[PDB]
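S.K.: Partial complex follows, first chain(s) only, in situ:
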Amino acid sequence: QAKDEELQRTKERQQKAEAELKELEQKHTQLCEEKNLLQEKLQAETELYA
């Protein structure tokens, strides 16, 4: 009873994992952009403070 109930949850993990990996793959693409633009903003802000 526990096993074949778990088999329902087990395929849901496979469904979660592919979708979650694509969601992360999309947001690393964004977090590639975030890292450079925030660094550019941070330097220029210090130059203005001087």
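M.R.: Looks like it came in fine. Residues are numbered from 1 along each chain as shown, chains lettered A, B, ... in the order given.

S.K.: Where does residue A:45 sit, in terms of helix or strand?
M.R.: Here residue A:45 sits within helix A:2-49, counting by DSSP states H and E.

S.K.: Convert stretch A:13-30 to CSV, retaining C-alpha atoms only.
M.R.: Provided in CSV are the C-alpha atoms of stretch A:13-30 (Å, rounded to 0.1, in the frame of the first residue of the first chain):
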residue,chain,number,x,y,z
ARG,A,13,9.2,14.2,-8.7
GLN,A,14,10.3,13.5,-12.3
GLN,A,15,7.6,16.0,-13.5
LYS,A,16,8.8,18.5,-10.9
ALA,A,17,12.5,18.0,-11.6
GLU,A,18,12.5,18.6,-15.4
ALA,A,19,10.2,21.7,-15.0
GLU,A,20,12.4,23.0,-12.1
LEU,A,21,15.6,22.5,-14.0
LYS,A,22,14.1,24.6,-16.9
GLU,A,23,12.9,27.2,-14.4
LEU,A,24,16.5,27.4,-13.0
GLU,A,25,18.1,27.3,-16.5
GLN,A,26,16.0,30.3,-17.5
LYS,A,27,16.9,32.2,-14.2
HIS,A,28,20.6,31.5,-14.5
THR,A,29,20.4,33.1,-18.0
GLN,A,30,18.9,36.2,-16.1
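
S.K.: with the structure above as the base, add chain B:
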Amino acid sequence: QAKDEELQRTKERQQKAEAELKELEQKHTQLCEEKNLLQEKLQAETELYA
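M.R.: Below, chain B sits with the chains from the block before:
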């Protein structure tokens, strides 16, 4: 017997997905720490402009 032939491969597909996620999971863990300190610095740099 018919079940666990496929379920052994279905376990393999989960193991592949979790291991692939793990490679990313360590890296996003680091990129949480990198983001938190940068977010704190980026906010604090702007607060004195109030």
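
S.K.: if we can go back for a sec, specify the angle between the helix holding residue A:45 and helix B:2-47 in degrees.
M.R.: 20 degrees (axes from the mean of the first three to the mean of the last three Cα atoms, to 10 degrees).

S.K.: which strands and helices sit next to helix A:2-49?
M.R.: helix B:2-47 (3 or more Cβ pairs under 8 Å, 6 or more residues apart in numbering or on different chains; DSSP states H and E). Any C-beta I mention is one placed from the backbone N, CA and C, and that applies to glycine too.

S.K.: The closest residue to chain B within chain A: what's its closest spatial neighbour, skipping adjacent residues?
M.R.: For chain A and chain B, the shortest gap (Cβ to the nearest Cβ) falls at residue A:17, measuring 4.0 Å. In space, and not counting its chain neighbours, residue A:17 is closest to residue B:17: 4.0 Å by Cβ to Cβ, 6 or more residues apart in numbering or on different chains.

S.K.: Quick check: that neighbour vs residue B:23, distance?
M.R.: Applying Cβ to Cβ, to the nearest Å, the value for residue B:17 to residue B:23 is 11 Å.
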